[PDB]
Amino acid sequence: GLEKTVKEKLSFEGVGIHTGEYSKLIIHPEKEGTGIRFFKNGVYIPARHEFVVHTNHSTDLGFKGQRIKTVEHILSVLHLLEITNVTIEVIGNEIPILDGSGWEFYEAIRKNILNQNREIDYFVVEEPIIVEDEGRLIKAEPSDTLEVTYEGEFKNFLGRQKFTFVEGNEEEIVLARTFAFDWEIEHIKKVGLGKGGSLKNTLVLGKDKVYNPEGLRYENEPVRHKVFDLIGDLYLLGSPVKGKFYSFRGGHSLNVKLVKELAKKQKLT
């Protein structure tokens, strides 16, 4: 496909899931070859794995003393829409969580795409690779299309669930919300996270029950959201990705580990 930016500036705002603070975004058009980058307090922070500074419960980026928390959801939306050149100006410390899914970003950006004049240079997985960490694993292999499978094993009524995204089915994952388990809430707050989480932006589950009165959007909403997360972390390769991925219980740390191994393989090709 063609490289793409946005036609006009787009703004979003609201509380961040981990800081609990209100922040504002402005998405700016950029010319061919710019890449995806954040901008904060006069500093550009490229959306690339070299700038990852935190991977526990979110993926955070930083450069020259300026940090942005929770980039995975906006990056996933930009990856799915193959937006390749854009500056995300952040006034605040975190990307807004909005309703917990990518939907509001996706719908607004999708109607505001500007095609540009050169083709995308995709990051094309060239050979199989496996990374592992204490029973979690992620595999990748070549594919002409982006295909991403997540398999989870939940310690509550959800049990084992599996979901596969393929190109063309973007609407199946951009509405899946972030989620949390009630028995983990106290620890997440103690380690300084989750300050913005509420039933308005998080699917909260117990051992046997659903806290949200509206219930789940899909019976497998959590693994759909985990696929959505992984697609955002994969965009830290710096280009839209072609390959077939399978994650068993992976999280941001393992996602970024895979990204860094893939980037090392193609550093000069």
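From 1 onward, residues are counted along the sequence shown.
In this entry, 125-133 has the higher mean Cα B-factor, the comparison being between 125-133 and 83-91. When the mean C-alpha temperature factors of 12-20 and 256-264 are read from the deposited coordinates, 256-264 comes out higher.
Highest C-alpha temperature factor among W183, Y106, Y150, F179, as the PDB entry reports it: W183.
In this entry, the residue among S101, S198, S143, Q116 with the greatest C-alpha B factor is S143. In the deposited entry, the Cα temperature factor of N169 sits in the top third of values across the chain's modelled residues. Per the deposited record, the Cα B-factor of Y235 falls in the lowest third when ranked against the other modelled residues of its chain. Among the modelled residues of its chain, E219 has a C-alpha B-factor that falls in the middle third according to the deposited record.
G35: CA B factor in the lowest third of modelled residues in this chain (values from the PDB entry). For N212, the recorded CA B-factor ranks within the middle third of the chain. Only modelled residues enter the ranking.
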